[PDB]
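Remarks on the structure that follows.
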Amino acid sequence: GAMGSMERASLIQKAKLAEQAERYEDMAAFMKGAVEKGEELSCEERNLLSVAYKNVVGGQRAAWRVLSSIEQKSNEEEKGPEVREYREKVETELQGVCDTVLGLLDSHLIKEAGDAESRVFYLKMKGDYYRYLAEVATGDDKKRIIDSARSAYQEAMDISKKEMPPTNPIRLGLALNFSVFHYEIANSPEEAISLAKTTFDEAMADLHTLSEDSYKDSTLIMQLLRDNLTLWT
Amino acid sequence: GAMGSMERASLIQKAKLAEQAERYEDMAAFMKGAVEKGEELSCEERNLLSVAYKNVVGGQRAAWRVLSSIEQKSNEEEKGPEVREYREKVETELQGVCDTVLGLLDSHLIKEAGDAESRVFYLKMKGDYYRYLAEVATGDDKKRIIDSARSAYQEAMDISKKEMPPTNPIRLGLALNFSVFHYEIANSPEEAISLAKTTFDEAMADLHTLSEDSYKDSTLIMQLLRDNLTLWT
Amino acid sequence: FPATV
Amino acid sequence: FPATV
Ligand SMILES: *CC(=O)NCC1CCN(C(=O)[C@]2(Nc3ccc(Cl)cc3)CC[C@H](N)CC2)CC1
Ligand SMILES: *CC(=O)NCC1CCN(C(=O)[C@]2(Nc3ccc(Cl)cc3)CC[C@H](N)CC2)CC1
Ligand SMILES: [Mg+2]
Ligand SMILES: [Mg+2]
Ligand SMILES: [Mg+2]
Ligand SMILES: [Mg+2]
């Protein structure tokens, strides 16, 4: 793409600079360039990719929610088409970012990912970006978008339970996000709560095996599970 | 431009939505569209324009400072051209935003602004965006860029002192920013301090004339003058 | 809004 | 960094 002339290592270096500068759109463009070099990503590189797009789409989602709230209130004086148009503009940009990430995953990150840690990470991301599409979907494809998220999360869950310990941060983060999927997207709050609780309790029982540094990583995500459970119960 | 087909009123409405959504790049694009309709701007519209670009360029300046710091440290192991290249990329985008705002002011906001409040506001903005150019200037034109800022601020100051009371928020904000120009750009800290102190004291003496709401507006900016004075003395 | 990572 | 408006 626009990054085709830049060295892979320079793209990664610049992604790290962009992160320090809180330039997440640039960070994402650099990481997209790096992915498009065609080589597999290391753990650190996978995390740069995820951070960049999480921040970009996170900003878009927050803006979409503000606009959707304003639009909903307007449909409870007539102010014309502008609120819908601008919500649609932000929505279309959001969808474009999601399609970009899903495209990277499909061409060809997932198919080359053989190790559990990489394959679960990418399948989790696939679930996440279909979940963001589902948040804004209102038409004929809504059910299929929801099912695409579910299917990606479920494949990730199946691999994670076979291949990773219950405290592995990727396994924990996957469960956290799939539980949110159940609560917010699939209208399955009991499934959400059961998943969060089971994940927390199984992790608790495996903490004894960990170093101090691994313990810190795992417990941080466990706290997020507890935070959601507190919100939901 | 890209906004040529959108109604002026719709652009303004969308700028306000973009502000609520913290979408400042969109806000700026909408306001640029509105300016390019060719009609003068109301007070509220001038403030939308200024808010939008202040936020866009503010983000760019913060990123540039992070990158420049990293670059300076690298020139105190050799890591190649990437840090300079990426600082240059952000710098060029910053300069582009400044050139866009200065272009709006020159074509044709300033020349149509006859009332003191509008003309001082636009001349202050001209000074501000030349000041941001000066922050990153390192070459042959640095002195001329600094002088362009100074000249715009000075014209604004001259009109403000003739036409506005010492508590007027535009007069106060102009003085605040011109004082910063002196301190940070012109290497004139004594001028900066004298301007801030004189502006504060003359405003203090005119507060008695104000309503409660005007008092709140004026005193907020006076506090910023005091904050700078505290930083500098 | 619930926590995700 | 000093205050501006
Ligand atoms: C190679 C790899 O994927 N490592 C996993 C890291 C574990 C630590 N970590 C995190 O805890 C945060 N991000 C994250 C992202 C995705 C998943 Cl599945 C789990 C965790 C980053 C720091 C935050 N305070 C918490 C989440 C980074 C990834
Ligand atoms: C028509 C017009 O220009 N009105 C001036 C407003 C006065 C109040 N105000 C502010 O105090 C902030 N912005 C600002 C911008 C430019 C200048 Cl010259 C002065 C002030 C906005 C709110 C902030 N907390 C303080 C500065 C908006 C403009
Ligand atoms: Mg749509
Ligand atoms: Mg189960
Ligand atoms: Mg340059
Ligand atoms: Mg003087």
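Can we say A:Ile145 is assigned to a helix (DSSP H, G or I), in contact with a helix residue (DSSP H, G or I) (Cβ under 7 Å, 6 or more places away or on another chain), within 16 Å of ligand 3 (Cβ to nearest atom) and not small (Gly, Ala, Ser)?
On the way: assigned to a helix (DSSP H, G or I): yes; in contact with a helix residue (DSSP H, G or I) (Cβ under 7 Å, 6 or more places away or on another chain): yes; within 16 Å of ligand 3 (Cβ to nearest atom): yes; not small (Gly, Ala, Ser): yes.
So A:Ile145 fits the description; yes.
For the stretch B:101-116, what are the residues that are surrounded by 17 or more Cβ atoms within 10 Å (Cβ to Cβ) and assigned to a helix (DSSP H, G or I)?
From the stretch B:101-116, those surrounded by 17 or more Cβ atoms within 10 Å (Cβ to Cβ) are B:101-102, B:104-105, B:109-110, B:113, B:116; that's our starting set.
Scanning the stretch B:101-116 gives B:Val101, B:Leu102, B:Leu104, B:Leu105, B:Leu109, B:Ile110, B:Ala116.
State yes or no: is A:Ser151 among the hydroxyl-bearing types (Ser, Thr, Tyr) and either away from every other protein chain (no Cβ under 13 Å) or within 16 Å of ligand 5 (Cβ to nearest atom) (or both)? It would help to see each step written out before you state the result.
Details: among the hydroxyl-bearing types (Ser, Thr, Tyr): yes; either away from every other protein chain (no Cβ under 13 Å) or within 16 Å of ligand 5 (Cβ to nearest atom) (or both): yes.
Here the answer is yes, as A:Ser151 does meet what is asked.
Can you tell me which residue is farthest from ligand 4 (Cβ to nearest atom) among those in the stretch A:37-61 that are assigned to a loop (DSSP other than H, G, I, E, B) and not acidic (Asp, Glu)? Outline the logic, then answer.
So the first thing to find is which residues in the stretch A:37-61 are assigned to a loop (DSSP other than H, G, I, E, B), and the list is A:37-42.
Now restrict to residues that are not acidic (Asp, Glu): A:37-38, A:41-42.
Working: A:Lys37: 39, A:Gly38: 37, A:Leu41: 30, A:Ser42: 32 Å.
So, considering only residues that are assigned to a loop (DSSP other than H, G, I, E, B) and not acidic (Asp, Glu), the one farthest from ligand 4 (Cβ to nearest atom) is A:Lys37.
When you scan the stretch A:93-149, how many residues do you find that are small (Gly, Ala, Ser) and within 23 Å of C:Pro2 (Cα to Cα)?
Initially, the stretch A:93-149 is screened for residues small (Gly, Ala, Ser), giving A:96, A:103, A:107, A:113-114, A:116, A:118, A:127, A:134, A:137, A:139, A:148-149.
With within 23 Å of C:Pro2 (Cα to Cα) added as a condition, the list becomes A:127, A:134, A:137, A:148-149.
Residues in the stretch A:93-149 being small (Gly, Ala, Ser) and within 23 Å of C:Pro2 (Cα to Cα): 5 in total.
Considering each residue of the stretch A:74-94, count those that are surrounded by fewer than 19 Cβ atoms within 10 Å (Cβ to Cβ) and more than 24 Å from B:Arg8 (Cα to Cα), and give that number. Even if it seems obvious, please write down each step before you answer.
Here is the first cut: in the stretch A:74-94, the ones surrounded by fewer than 19 Cβ atoms within 10 Å (Cβ to Cβ) are A:74-81, A:84-85, A:88-89, A:92-93.
Subset that is more than 24 Å from B:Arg8 (Cα to Cα): A:76.
Counting residues in the stretch A:74-94 that are surrounded by fewer than 19 Cβ atoms within 10 Å (Cβ to Cβ) and more than 24 Å from B:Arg8 (Cα to Cα) gives 1.
Restricting the stretch B:1-55 to residues that are of a type in the set (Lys, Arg) and over 19 Å from A:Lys89 (Cβ atoms), which is surrounded by the most Cβ atoms within 10 Å (Cβ to Cβ)?
Pass one, the stretch B:1-55, residues of a type in the set (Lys, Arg): B:8, B:14, B:16, B:23, B:32, B:37, B:46, B:54.
Adding the requirement that they be over 19 Å from A:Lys89 (Cβ atoms) leaves B:37, B:46, B:54.
On the way: B:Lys37: 15, B:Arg46: 21, B:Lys54: 19.
Going through the qualifying residues, I end up with B:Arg46.
Considering each residue of the stretch A:148-162, count those that are more than 17 Å from A:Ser179 (Cβ to Cβ), surrounded by 15 or more Cβ atoms within 10 Å (Cβ to Cβ) and not β-branched (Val, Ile, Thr), and give that number.
Step one: filter the stretch A:148-162 for residues more than 17 Å from A:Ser179 (Cβ to Cβ), giving A:148, A:159, A:162.
Next, only the ones that are surrounded by 15 or more Cβ atoms within 10 Å (Cβ to Cβ) stay: A:148, A:159.
Right, trim to not β-branched (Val, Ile, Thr) and you get A:148.
Count: 1.
Out of B:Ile221, B:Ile193, which single residue is out of contact with any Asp or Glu (no Cβ under 9 Å at 6 or more places or on another chain), away from chain D (no Cβ under 11 Å), of a type in the set (A, V, I, L, M, F, W, C) and part of a helix (DSSP H, G or I)? Lay out the reasoning, then the answer.
Working: B:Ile221 fails: away from chain D (no Cβ under 11 Å).
Checking each option against the conditions leaves just B:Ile193.
Could you count how many residues in the stretch B:46-77 are away from chain A (no Cβ under 12 Å) and of a type in the set (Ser, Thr, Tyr)?
2
Read the figures in this text as sums done on the coordinates, not as results from a lab. Positions of Cβ are backbone-derived with ideal geometry, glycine not excepted, and every protein chain shown enters the neighbour counts.
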